[PDB]
Amino acid sequence: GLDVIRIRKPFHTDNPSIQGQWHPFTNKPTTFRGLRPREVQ
Amino acid sequence: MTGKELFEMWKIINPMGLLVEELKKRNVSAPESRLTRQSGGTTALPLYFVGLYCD
Amino acid sequence: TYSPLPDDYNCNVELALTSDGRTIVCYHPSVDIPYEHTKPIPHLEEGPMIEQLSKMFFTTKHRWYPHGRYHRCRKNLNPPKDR
Amino acid sequence: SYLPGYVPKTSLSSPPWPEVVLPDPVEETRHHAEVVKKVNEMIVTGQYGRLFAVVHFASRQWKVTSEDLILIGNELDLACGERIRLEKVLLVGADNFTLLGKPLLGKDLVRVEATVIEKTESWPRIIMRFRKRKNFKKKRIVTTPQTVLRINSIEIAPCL
Amino acid sequence: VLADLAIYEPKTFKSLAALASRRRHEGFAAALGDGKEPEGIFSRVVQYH
Amino acid sequence: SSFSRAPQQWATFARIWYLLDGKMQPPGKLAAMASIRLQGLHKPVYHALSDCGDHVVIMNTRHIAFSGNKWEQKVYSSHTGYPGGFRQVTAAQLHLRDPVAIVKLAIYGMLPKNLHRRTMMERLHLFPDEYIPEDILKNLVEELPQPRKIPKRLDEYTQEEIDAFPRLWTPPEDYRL
Amino acid sequence: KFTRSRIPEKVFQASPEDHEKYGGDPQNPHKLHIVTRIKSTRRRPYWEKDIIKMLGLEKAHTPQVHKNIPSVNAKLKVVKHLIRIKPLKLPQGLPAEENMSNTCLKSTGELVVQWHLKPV
Amino acid sequence: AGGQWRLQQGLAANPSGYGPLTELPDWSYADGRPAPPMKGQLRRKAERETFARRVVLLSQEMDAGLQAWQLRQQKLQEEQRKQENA
RNA sequence: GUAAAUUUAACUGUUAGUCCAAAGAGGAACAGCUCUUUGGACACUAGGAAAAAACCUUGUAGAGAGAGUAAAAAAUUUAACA
Ligand SMILES: [Mg+2]
Ligand SMILES: [Mg+2]
Ligand SMILES: [Mg+2]
Ligand SMILES: [Mg+2]
């Protein structure tokens with residue numbers, strides 16, 4: 001019982017994320033003492 | 001229930017307060033919040049990756 | 001001791017084959033952020049307003065101008081939500 | 001003192017990339033088996049959580065998990081509400097490991113069960129073939145058959 | 001799926017990249033000596049019939 | 001994951017501030033890596049409709065160098081609009097007048113010619129010298145590496161490297177030099 | 001003007017260098033040619049397109065068998081530049097009546113009589 | 001991609017052509033029963049079946065043509081003996 | 001090796017043709033030039049060569065948020081002398 005119309009995508013996932021969804025800081029390391037580039041203290 | 005996670009229907013107040021309360025039941029020390037990564041701090045879109053460490 | 005990629009930023013990766021050699025398995029626990037790699041915690045009018053927020057959001061001034069009623073009515077008021 | 005083929009250190013003396021050496025195969029074989037068996041007892045003990053899966057079906061891939069819907073652009077001749085066991089899986093992975101095939105996994109390793117729930121005629125897709133200044137035009141409307149599956153649950157076997 | 005895998009589990013895609021990079025070194029080792037050597041462990045193929 | 005909806009979506013499509021040092025680098029290669037980072041192509045979740053671009057900051061745009069005589073050969077031409085307004089300036093003269101110029105119109109060709117161009121252009125930042133305001137210097141993320149290695153000079157080559165390098169030929173003593 | 005090109009027969013005489021390359025022994029020659037089309041039928045003379053249709057190779061990437069005899073050789077010689085040729089060789093003898101259905105082709109021109117569809 | 005590599009080992013340049021990626025059954029009943037064959041698999045088997053029946057027809061005809069000549073040559077050598085005997 | 005061909009019954013329409021390659025003729029061994037012959041394309045879709053009729057890939061048509069291929073991205077720097 002749902003109107004036949006266009007479907008935005010051919011599937012649906014309720015829990016699509018395992019191992020954590022990608023954010024920009026997944027694939028880069030950290031810095032000793034937690035320092036930004038070109039910073040003394 | 002599969003769709004909605006915990007804190008969508010079961011809203012809570014003072015989560016870190018409840019956290020420290022639960023951790024004392026589990027017999028561990030009081031954790032400290034520390035920003036691990038940062039981006040756009042002075043920008044109008046601040047972004048911080050805060051982690052809670054104990055021992 | 002040889003590794004294909006530096007195992008110090010995302011996860012400690014190691015590949016493995018069954019002894020028959022028909023399937024490959026991987027073990028990739030995420031890295032633990034060390035404590036050393038952290039830090040301690042601690043009116044106006046149209047002209048001036050459209051440029052200062054553009055300088056604040058780092059964008060152009062075009063999208064901030066108001067659109068016509070033609071587009072405001074075409075905007076969907078009950079969009080579908082996923083998950 | 002120096003080998004005849006030896007060259008001093010320059011930019012073009014050696015390639016730009018760094019030299020590498022692969023490990024010996026014997027200890028690697030013991031490493032291949034050791035890392036497998038600790039993963040075998042890991043899944044037997046049940047340390048894993050979710051397990052996603054990739055599937056080859058109907059001439060196309062999908063990333064799928066449990067309790068998720070999926071559509072196919074044809075009819076399978078299955079009554080509504082029936083369950084089916086899918087054979088082909090390219091890989092399945094949990095929170096801390098992954099099981100990739102060559103190309104697919106074994107039959108006894110996995111058991112991917114899915115139920116058929118619903119079958120539509122596709123929404124009316126219109127097509128128009130037209131050519132300019134020659135009075136060539138035509139119309140046609142298709143309603144292709146579609147079926148909605150759902151992967152009820154996925155499990156893995158201790159065999160490895 | 002190769003793209004979608006990188007979206008949600010970069011740890012898995014890292015294994016795919018690590019799997020891919022190891023085959024390159026196996027292929028370059030084969031470029032030095034085509035035969036007359038033990039073939040790559042991952043470069044070994046399955047024969048269907 | 002175990003992240004909430006809105007915070008997780010925010011961290012995914014969030015922006016980041018790159019930093020690059022232009023000392024002895026070509027404007028093209030730094031433009032090539034920059035342009036792909038401006039649309040957000042580096043993000044696996046890229047989509048042109050979603051403005052998932054990221055900011056980029058360049059330093060030492062004055063201390064750039066071409067490969068060839070493009071300091072003299074290359075010409076940057078423009079037209080004001082009036083008759084005779086068509087002028088041409090070499091890359092050297094254009095550098096003397098504006099060291100920020102060479103990169104900003106160089107990236108301008110790299111990224112596509114859409115209306116998202118000018119949004120991504122102003123998002124990018126440039127500085128002729130290694131002096132930055134504390135505001136834009138504090139909101140940094142990561143300094144990606146340089147494309148090309150910088151060759152070392154004779155004063156920079158240590159003595160143990162020269163001693164390791166073997167002399168090649170015998171000079172006859174009967175020579176003035 | 002452009003016309004049908006007669007080819008010298010001397011070109012199609014394998015030397016010992018060619019024998020060692022392709023591994024085709026002259027004695028005990030194969031019987032059947034596996035034929036497949038790669039180049040388009042278009043932009044070719046009327047005699048070139050109908051011959052390949054007379055051979056039945058209007059479809060590309062479709063392996064089709066012909067004889068190794070001088071009569072059919074003349075046909076796919078003039079349109080040799082439209083197709084691939086590969087010889088037929090089999091270890092498992094001719095296809096028996098019981099194994100008519102479970103046959104399978106290979107990229108190396110092989111035709112296995114048995115196909116149980118799983119590795120060693 | 002990899003089409004040249006696949007045909008090096010003997011596999012299909014396109015994996016959808018033949019091999020286990022497509023020839024296996026794509027679904028089965030949850031109770032372990034075998035599903036019916038697919039339409040693509042049926043026409044492929046009928047194609048290979050007519051292909052096999054064709055190749056057997058092509059080979060035996062060439063063998064019949066070869067021996068039919070030598071049977072004619074044995075007849076040719078026979079009637080030449082008949083000539084000198086007469 | 002293939003399945004078309006001849007003939008019979010009844011009509012229609014085309015009968016104002018551009019380009020490429022080749023053999024030629026006129027012209028200037030000029031023309032996006034004109035006139036013949038063999039072949040191809042175009043006046044039928046699609047991809048590429050920048051946009052492109054005529055060049056290069058490709059034909060029998062559909063749904064797909066599948067895959068492997070086809071043609072397909074210009075290289076050049078130049079002069080010493082007893
Ligand atoms: Mg003309
Ligand atoms: Mg003309
Ligand atoms: Mg004319
Ligand atoms: Mg077709």
# chains A, B, ... in the order shown; residues from 1 in each chain; ligands from 1
call {"tool": "residues_near_ligand", "arguments": {"ligand": "ligand 4", "cutoff": "10 Å", "atoms": "only C-alpha atoms (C1' of nucleotides) and all ligand atoms", "output": "count of residues only"}}
result
5
call {"tool": "closest_atom_pairs", "arguments": {"of": "chain I", "to": "ligand 2", "cutoff": "8 Å", "atoms": "only C-alpha atoms (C1' of nucleotides) and all ligand atoms", "output": "CSV"}}
result
residue,atom,partner,partner_atom_place_in_ligand_line,distance
I:18,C1',ligand 2,1 (Mg),6.7
I:19,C1',ligand 2,1 (Mg),7.7
I:32,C1',ligand 2,1 (Mg),7.3
I:33,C1',ligand 2,1 (Mg),6.6
I:34,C1',ligand 2,1 (Mg),7.5
call {"tool": "closest_residue", "arguments": {"among": "D:90, D:13, D:5, D:73", "to": "residue 123 (chain D)", "atoms": "only C-alpha atoms"}}
result
D:73
call {"tool": "interface_residues", "arguments": {"of": "chain H", "to": "chain D", "cutoff": "8 Å", "atoms": "only C-alpha atoms", "output": "PyMOL selection string"}}
result
chain H and resi 21-22+25-32
call {"tool": "write_last_selection", "arguments": {"atoms": "N, CA, C and O atoms", "output": "compact mmCIF listing (two decimals), in the first residue's frame"}}
result
# COMPACT_ATOMS: atom_id res chain seq x y z
N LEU H 21 31.33 -16.48 -11.65
CA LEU H 21 30.67 -15.24 -11.26
C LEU H 21 29.23 -15.18 -11.74
O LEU H 21 28.41 -14.46 -11.14
N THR H 22 28.89 -15.92 -12.80
CA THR H 22 27.55 -15.90 -13.39
C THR H 22 26.93 -17.28 -13.53
O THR H 22 25.70 -17.39 -13.42
N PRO H 25 24.05 -20.72 -9.59
CA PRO H 25 22.71 -20.19 -9.34
C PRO H 25 22.77 -18.98 -8.43
O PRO H 25 23.51 -18.96 -7.45
N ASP H 26 21.98 -17.96 -8.77
CA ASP H 26 22.01 -16.70 -8.05
C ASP H 26 21.08 -16.67 -6.84
O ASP H 26 21.17 -15.74 -6.04
N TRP H 27 20.21 -17.66 -6.69
CA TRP H 27 19.35 -17.75 -5.51
C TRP H 27 18.89 -19.19 -5.34
O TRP H 27 18.83 -19.96 -6.30
N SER H 28 18.58 -19.54 -4.09
CA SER H 28 18.05 -20.85 -3.76
C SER H 28 17.07 -20.70 -2.60
O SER H 28 17.06 -19.68 -1.91
N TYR H 29 16.25 -21.73 -2.40
CA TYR H 29 15.28 -21.70 -1.32
C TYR H 29 15.98 -21.76 0.03
O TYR H 29 17.07 -22.32 0.16
N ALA H 30 15.34 -21.16 1.04
CA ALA H 30 15.93 -21.13 2.38
C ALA H 30 16.04 -22.53 2.98
O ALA H 30 16.91 -22.78 3.82
N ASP H 31 15.17 -23.45 2.56
CA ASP H 31 15.21 -24.82 3.04
C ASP H 31 16.29 -25.67 2.37
O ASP H 31 16.36 -26.87 2.64
N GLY H 32 17.11 -25.08 1.50
CA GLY H 32 18.17 -25.81 0.83
C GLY H 32 17.78 -26.46 -0.48
O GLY H 32 18.61 -27.16 -1.07
call {"tool": "interface_residues", "arguments": {"of": "chain C", "to": "chain E", "cutoff": "9 Å", "atoms": "only C-alpha atoms", "output": "PDB file with N, CA and C atoms, in the first residue's frame"}}
result
ATOM      1  N   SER C   3      56.106  -3.834   6.573  1.00  0.00           N
ATOM      2  CA  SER C   3      54.686  -3.522   6.521  1.00  0.00           C
ATOM      3  C   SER C   3      54.370  -2.821   5.206  1.00  0.00           C
ATOM      4  N   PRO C   4      53.160  -3.024   4.637  1.00  0.00           N
ATOM      5  CA  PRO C   4      52.856  -2.370   3.358  1.00  0.00           C
ATOM      6  C   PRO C   4      52.494  -0.902   3.510  1.00  0.00           C
ATOM      7  N   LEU C   5      51.939  -0.536   4.659  1.00  0.00           N
ATOM      8  CA  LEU C   5      51.517   0.827   4.946  1.00  0.00           C
ATOM      9  C   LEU C   5      51.862   1.145   6.392  1.00  0.00           C
ATOM     10  N   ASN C  10      45.375   4.899  11.430  1.00  0.00           N
ATOM     11  CA  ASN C  10      44.006   4.405  11.308  1.00  0.00           C
ATOM     12  C   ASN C  10      43.791   3.101  12.066  1.00  0.00           C
ATOM     13  N   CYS C  11      44.586   2.072  11.786  1.00  0.00           N
ATOM     14  CA  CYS C  11      44.381   0.771  12.407  1.00  0.00           C
ATOM     15  C   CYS C  11      45.594  -0.107  12.145  1.00  0.00           C
ATOM     16  N   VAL C  13      46.911  -3.105  10.759  1.00  0.00           N
ATOM     17  CA  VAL C  13      46.408  -3.982   9.708  1.00  0.00           C
ATOM     18  C   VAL C  13      47.377  -5.138   9.510  1.00  0.00           C
ATOM     19  N   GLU C  14      46.824  -6.332   9.307  1.00  0.00           N
ATOM     20  CA  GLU C  14      47.608  -7.509   8.968  1.00  0.00           C
ATOM     21  C   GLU C  14      46.722  -8.470   8.193  1.00  0.00           C
ATOM     22  N   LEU C  15      47.233  -8.954   7.065  1.00  0.00           N
ATOM     23  CA  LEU C  15      46.504  -9.857   6.187  1.00  0.00           C
ATOM     24  C   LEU C  15      46.883 -11.301   6.490  1.00  0.00           C
ATOM     25  N   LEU C  17      46.002 -15.563   4.957  1.00  0.00           N
ATOM     26  CA  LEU C  17      45.357 -16.544   4.093  1.00  0.00           C
ATOM     27  C   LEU C  17      45.174 -17.846   4.856  1.00  0.00           C
ATOM     28  N   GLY C  21      44.673 -21.611   0.961  1.00  0.00           N
ATOM     29  CA  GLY C  21      44.933 -20.489   0.081  1.00  0.00           C
ATOM     30  C   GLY C  21      43.763 -20.070  -0.778  1.00  0.00           C
ATOM     31  N   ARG C  22      42.532 -20.235  -0.282  1.00  0.00           N
ATOM     32  CA  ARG C  22      41.326 -19.900  -1.029  1.00  0.00           C
ATOM     33  C   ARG C  22      40.601 -18.666  -0.512  1.00  0.00           C
ATOM     34  N   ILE C  24      41.063 -14.914   2.051  1.00  0.00           N
ATOM     35  CA  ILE C  24      41.945 -13.959   2.713  1.00  0.00           C
ATOM     36  C   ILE C  24      41.178 -13.316   3.860  1.00  0.00           C
ATOM     37  N   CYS C  26      41.521 -10.454   7.312  1.00  0.00           N
ATOM     38  CA  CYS C  26      42.196  -9.253   7.782  1.00  0.00           C
ATOM     39  C   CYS C  26      41.816  -8.991   9.231  1.00  0.00           C
ATOM     40  N   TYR C  27      42.731  -8.363   9.966  1.00  0.00           N
ATOM     41  CA  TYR C  27      42.527  -7.992  11.361  1.00  0.00           C
ATOM     42  C   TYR C  27      42.982  -6.552  11.532  1.00  0.00           C
ATOM     43  N   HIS C  28      42.029  -5.654  11.794  1.00  0.00           N
ATOM     44  CA  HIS C  28      42.280  -4.210  11.782  1.00  0.00           C
ATOM     45  C   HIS C  28      41.596  -3.547  12.972  1.00  0.00           C
ATOM     46  N   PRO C  29      42.136  -3.728  14.178  1.00  0.00           N
ATOM     47  CA  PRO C  29      41.652  -2.938  15.318  1.00  0.00           C
ATOM     48  C   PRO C  29      42.110  -1.491  15.200  1.00  0.00           C
ATOM     49  N   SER C  30      41.225  -0.567  15.565  1.00  0.00           N
ATOM     50  CA  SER C  30      41.534   0.849  15.445  1.00  0.00           C
ATOM     51  C   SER C  30      42.640   1.244  16.422  1.00  0.00           C
TER      52      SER C  30
END
call {"tool": "interface_residues", "arguments": {"of": "chain G", "to": "chain I", "cutoff": "8 Å", "atoms": "only C-alpha atoms (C1' of nucleotides)", "output": "PyMOL selection string"}}
result
chain G and resi 1-3+40+42-45+54-55+72
call {"tool": "write_last_selection", "arguments": {"atoms": "N, CA, C and O atoms", "output": "compact mmCIF listing (two decimals), in the first residue's frame"}}
result
# COMPACT_ATOMS: atom_id res chain seq x y z
N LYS G 1 41.98 2.59 -59.24
CA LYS G 1 40.85 2.62 -58.32
C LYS G 1 40.87 1.42 -57.39
O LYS G 1 41.62 0.47 -57.60
N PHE G 2 40.03 1.46 -56.35
CA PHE G 2 40.00 0.39 -55.35
C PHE G 2 39.19 -0.79 -55.87
O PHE G 2 38.08 -0.62 -56.38
N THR G 3 39.76 -1.99 -55.74
CA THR G 3 39.11 -3.22 -56.16
C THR G 3 39.52 -4.33 -55.21
O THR G 3 40.30 -4.12 -54.28
N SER G 40 34.37 -3.37 -37.21
CA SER G 40 32.99 -3.17 -37.61
C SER G 40 32.77 -3.58 -39.06
O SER G 40 33.69 -3.52 -39.88
N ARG G 42 30.76 -1.86 -40.94
CA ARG G 42 30.59 -0.61 -41.66
C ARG G 42 31.91 -0.15 -42.27
O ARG G 42 33.00 -0.61 -41.90
N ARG G 43 31.80 0.78 -43.22
CA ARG G 43 32.96 1.35 -43.91
C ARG G 43 33.80 0.26 -44.58
O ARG G 43 35.03 0.30 -44.56
N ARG G 44 33.12 -0.73 -45.16
CA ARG G 44 33.74 -1.81 -45.90
C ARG G 44 32.94 -2.09 -47.16
O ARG G 44 31.73 -1.87 -47.18
N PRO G 45 33.58 -2.59 -48.23
CA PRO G 45 32.84 -2.83 -49.48
C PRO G 45 31.69 -3.81 -49.31
O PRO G 45 31.60 -4.53 -48.31
N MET G 54 27.55 -14.05 -44.74
CA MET G 54 27.44 -15.41 -45.26
C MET G 54 28.16 -16.40 -44.35
O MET G 54 27.75 -17.56 -44.26
N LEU G 55 29.23 -15.96 -43.69
CA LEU G 55 29.87 -16.78 -42.67
C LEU G 55 29.06 -16.82 -41.38
O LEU G 55 29.17 -17.78 -40.62
N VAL G 72 36.89 -22.70 -47.89
CA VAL G 72 36.48 -21.68 -46.93
C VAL G 72 37.63 -20.75 -46.59
O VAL G 72 37.41 -19.63 -46.12
call {"tool": "residues_around", "arguments": {"residues": "region 7-21 of chain A", "least_positions_apart": "2", "cutoff": "7 Å", "atoms": "only C-alpha atoms (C1' of nucleotides)", "output": "PyMOL selection string"}}
result
(chain A and resi 5+23) or (chain B and resi 3) or (chain C and resi 83) or (chain D and resi 67-71+95) or (chain E and resi 7-9) or (chain F and resi 1)
call {"tool": "write_last_selection", "arguments": {"atoms": "C-alpha atoms", "output": "tab-separated table (two decimals), in the first residue's frame"}}
result
chain	number	residue	atom	x	y	z
A	5	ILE	CA	6.26	6.69	-8.19
A	23	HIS	CA	35.37	11.81	8.36
B	3	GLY	CA	15.70	2.75	13.33
C	83	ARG	CA	16.69	6.41	8.17
D	67	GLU	CA	17.28	-5.70	8.18
D	68	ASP	CA	17.64	-3.71	4.96
D	69	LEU	CA	15.50	-3.48	1.84
D	70	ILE	CA	16.67	-4.05	-1.72
D	71	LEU	CA	15.05	-3.89	-5.16
D	95	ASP	CA	33.68	-4.57	13.08
E	7	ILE	CA	32.65	5.56	2.62
E	8	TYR	CA	31.66	3.56	5.69
E	9	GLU	CA	34.69	1.35	6.50
F	1	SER	CA	30.10	4.41	14.56
call {"tool": "residues_around", "arguments": {"residues": "residue 69 (chain G)", "least_positions_apart": "3", "cutoff": "10 Å", "atoms": "only C-alpha atoms (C1' of nucleotides)", "output": "MDAnalysis selection string"}}
result
(chainID G and resid 31:33 66 72:74) or (chainID H and resid 62)
call {"tool": "write_last_selection", "arguments": {"atoms": "N, CA, C and O atoms", "output": "compact mmCIF listing (two decimals), in the first residue's frame"}}
result
# COMPACT_ATOMS: atom_id res chain seq x y z
N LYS G 31 41.93 -28.88 -37.33
CA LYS G 31 40.84 -29.05 -38.28
C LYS G 31 39.90 -27.86 -38.36
O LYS G 31 39.37 -27.58 -39.44
N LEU G 32 39.68 -27.15 -37.25
CA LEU G 32 38.62 -26.15 -37.14
C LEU G 32 39.17 -24.82 -36.66
O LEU G 32 40.07 -24.78 -35.81
N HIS G 33 38.63 -23.74 -37.21
CA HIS G 33 39.04 -22.37 -36.88
C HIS G 33 37.95 -21.72 -36.03
O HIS G 33 36.82 -21.57 -36.48
N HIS G 66 34.60 -22.68 -38.18
CA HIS G 66 34.68 -22.95 -39.60
C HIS G 66 35.71 -24.05 -39.85
O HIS G 66 36.47 -24.42 -38.95
N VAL G 72 36.89 -22.70 -47.89
CA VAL G 72 36.48 -21.68 -46.93
C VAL G 72 37.63 -20.75 -46.59
O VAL G 72 37.41 -19.63 -46.12
N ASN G 73 38.88 -21.19 -46.81
CA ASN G 73 40.02 -20.32 -46.56
C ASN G 73 39.96 -19.06 -47.43
O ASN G 73 40.29 -17.97 -46.97
N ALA G 74 39.52 -19.21 -48.68
CA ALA G 74 39.43 -18.05 -49.56
C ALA G 74 38.41 -17.04 -49.05
O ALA G 74 38.54 -15.83 -49.29
N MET H 62 34.53 -33.84 -42.22
CA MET H 62 35.89 -33.75 -42.73
C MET H 62 36.57 -35.11 -42.72
O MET H 62 37.32 -35.45 -43.65
call {"tool": "closest_atom_pairs", "arguments": {"of": "chain D", "to": "chain I", "cutoff": "9 Å", "atoms": "only C-alpha atoms (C1' of nucleotides)", "output": "tab-separated table"}}
result
residue	atom	partner	partner_atom	distance
D:58	CA	I:66	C1'	8.9
D:59	CA	I:66	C1'	5.9
D:60	CA	I:66	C1'	4.3
D:61	CA	I:66	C1'	6.8
D:72	CA	I:64	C1'	8.6
D:73	CA	I:63	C1'	6.8
D:74	CA	I:63	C1'	8.4
D:142	CA	I:63	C1'	8.6
D:143	CA	I:63	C1'	8.8
D:144	CA	I:63	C1'	6.4
D:145	CA	I:63	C1'	8.9
call {"tool": "residues_around", "arguments": {"residues": "residue 32 (chain C)", "least_positions_apart": "6", "cutoff": "12 Å", "atoms": "only C-alpha atoms (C1' of nucleotides)", "output": "list in words"}}
result
residues 29 and 30 of chain A; 36, 51, 52 and 53 of chain B; 7, 8, 9, 10, 11, 12 and 38 of chain C
call {"tool": "select_by_dssp", "arguments": {"residues": "region 83-160 of chain D", "states": "strand (DSSP E or B)", "output": "ChimeraX atom specification"}}
result
/D:83-86,91-94,97-100,110-121,125-131,136-142,145-156
call {"tool": "residues_around", "arguments": {"residues": "residue 100 (chain G)", "least_positions_apart": "5", "cutoff": "12 Å", "atoms": "only C-alpha atoms (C1' of nucleotides)", "output": "ChimeraX atom specification"}}
result
/G:94-95,111-115 /H:45-56
call {"tool": "interface_residues", "arguments": {"of": "chain D", "to": "chain C", "cutoff": "9 Å", "atoms": "only C-alpha atoms", "output": "NGL selection string"}}
result
:D and (20-23 or 28-29 or 31-37 or 39 or 95-106 or 160)
call {"tool": "write_last_selection", "arguments": {"atoms": "C-alpha atoms", "output": "short mmCIF file (atom, residue, chain, number, x, y, z; two decimals), in the first residue's frame"}}
result
data_model
loop_
_atom_site.label_atom_id
_atom_site.label_comp_id
_atom_site.auth_asym_id
_atom_site.auth_seq_id
_atom_site.Cartn_x
_atom_site.Cartn_y
_atom_site.Cartn_z
CA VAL D 20 61.81 -2.45 -0.27
CA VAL D 21 62.22 -6.14 0.55
CA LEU D 22 59.44 -8.68 1.03
CA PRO D 23 59.43 -11.04 4.04
CA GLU D 28 54.71 -15.73 6.41
CA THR D 29 52.99 -19.12 6.09
CA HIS D 31 51.86 -15.90 10.04
CA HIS D 32 49.09 -16.62 7.52
CA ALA D 33 47.83 -19.56 9.59
CA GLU D 34 48.27 -17.98 13.03
CA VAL D 35 46.29 -14.83 12.22
CA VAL D 36 43.54 -16.98 10.67
CA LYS D 37 43.09 -19.29 13.66
CA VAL D 39 40.12 -14.99 13.97
CA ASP D 95 33.68 -4.57 13.08
CA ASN D 96 37.30 -5.82 13.28
CA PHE D 97 37.84 -8.24 10.37
CA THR D 98 36.81 -9.02 6.80
CA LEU D 99 36.27 -12.23 4.81
CA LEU D 100 37.13 -11.72 1.13
CA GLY D 101 36.85 -14.43 -1.50
CA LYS D 102 38.64 -15.50 -4.67
CA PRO D 103 36.33 -14.33 -6.17
CA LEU D 104 33.47 -15.39 -3.88
CA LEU D 105 33.31 -17.18 -0.54
CA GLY D 106 32.54 -20.83 0.05
CA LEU D 160 37.81 -21.75 7.82
#
call {"tool": "residues_around", "arguments": {"residues": "residue 14 (chain G)", "least_positions_apart": "6", "cutoff": "12 Å", "atoms": "only C-alpha atoms (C1' of nucleotides)", "output": "ChimeraX atom specification"}}
result
/G:20-26
call {"tool": "select_by_dssp", "arguments": {"residues": "chain B", "states": "helix (DSSP H, G or I)", "output": "ChimeraX atom specification"}}
result
/B:6-9,15-25
call {"tool": "write_last_selection", "arguments": {"atoms": "N, CA, C and O atoms", "output": "mmCIF file, in the first residue's frame"}}
result
data_model
loop_
_atom_site.group_PDB
_atom_site.id
_atom_site.type_symbol
_atom_site.label_atom_id
_atom_site.label_comp_id
_atom_site.auth_asym_id
_atom_site.auth_seq_id
_atom_site.Cartn_x
_atom_site.Cartn_y
_atom_site.Cartn_z
ATOM 1 N N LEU B 6 19.381 5.279 20.891
ATOM 2 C CA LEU B 6 18.960 5.423 22.284
ATOM 3 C C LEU B 6 18.452 6.829 22.579
ATOM 4 O O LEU B 6 17.286 7.021 22.943
ATOM 5 N N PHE B 7 19.317 7.829 22.436
ATOM 6 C CA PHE B 7 19.008 9.183 22.878
ATOM 7 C C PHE B 7 18.092 9.945 21.921
ATOM 8 O O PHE B 7 17.945 11.161 22.081
ATOM 9 N N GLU B 8 17.477 9.275 20.943
ATOM 10 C CA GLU B 8 16.442 9.916 20.141
ATOM 11 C C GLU B 8 15.100 9.900 20.865
ATOM 12 O O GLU B 8 14.415 10.927 20.934
ATOM 13 N N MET B 9 14.713 8.745 21.414
ATOM 14 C CA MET B 9 13.486 8.638 22.198
ATOM 15 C C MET B 9 13.741 8.834 23.688
ATOM 16 O O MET B 9 12.913 9.434 24.382
ATOM 17 N N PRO B 15 24.708 14.367 30.590
ATOM 18 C CA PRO B 15 25.233 13.039 30.214
ATOM 19 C C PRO B 15 26.582 12.724 30.838
ATOM 20 O O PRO B 15 26.789 11.604 31.324
ATOM 21 N N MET B 16 27.513 13.682 30.839
ATOM 22 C CA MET B 16 28.800 13.449 31.484
ATOM 23 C C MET B 16 28.640 13.250 32.985
ATOM 24 O O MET B 16 29.406 12.495 33.594
ATOM 25 N N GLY B 17 27.656 13.913 33.597
ATOM 26 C CA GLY B 17 27.372 13.658 35.000
ATOM 27 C C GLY B 17 26.883 12.243 35.230
ATOM 28 O O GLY B 17 27.311 11.567 36.170
ATOM 29 N N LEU B 18 25.976 11.773 34.370
ATOM 30 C CA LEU B 18 25.547 10.382 34.434
ATOM 31 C C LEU B 18 26.692 9.437 34.097
ATOM 32 O O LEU B 18 26.755 8.323 34.627
ATOM 33 N N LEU B 19 27.603 9.865 33.220
ATOM 34 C CA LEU B 19 28.745 9.032 32.862
ATOM 35 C C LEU B 19 29.654 8.804 34.062
ATOM 36 O O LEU B 19 30.020 7.664 34.369
ATOM 37 N N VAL B 20 30.035 9.883 34.751
ATOM 38 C CA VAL B 20 30.911 9.757 35.913
ATOM 39 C C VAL B 20 30.222 8.956 37.011
ATOM 40 O O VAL B 20 30.875 8.241 37.781
ATOM 41 N N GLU B 21 28.895 9.061 37.100
ATOM 42 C CA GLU B 21 28.153 8.256 38.064
ATOM 43 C C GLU B 21 28.247 6.775 37.718
ATOM 44 O O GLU B 21 28.477 5.934 38.594
ATOM 45 N N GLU B 22 28.074 6.439 36.438
ATOM 46 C CA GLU B 22 28.151 5.042 36.021
ATOM 47 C C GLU B 22 29.561 4.490 36.169
ATOM 48 O O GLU B 22 29.735 3.327 36.548
ATOM 49 N N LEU B 23 30.578 5.303 35.876
ATOM 50 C CA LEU B 23 31.953 4.824 35.967
ATOM 51 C C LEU B 23 32.354 4.536 37.408
ATOM 52 O O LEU B 23 33.198 3.666 37.651
ATOM 53 N N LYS B 24 31.764 5.243 38.375
ATOM 54 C CA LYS B 24 32.034 4.937 39.774
ATOM 55 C C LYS B 24 31.389 3.622 40.186
ATOM 56 O O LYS B 24 31.919 2.918 41.053
ATOM 57 N N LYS B 25 30.252 3.275 39.581
ATOM 58 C CA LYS B 25 29.657 1.964 39.817
ATOM 59 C C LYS B 25 30.542 0.863 39.247
ATOM 60 O O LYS B 25 30.652 -0.224 39.825
#
call {"tool": "atom_distance", "arguments": {"atom1": "CA of residue 81 (chain D)", "atom2": "CA of residue 120 (chain D)"}}
result
14.4 Å
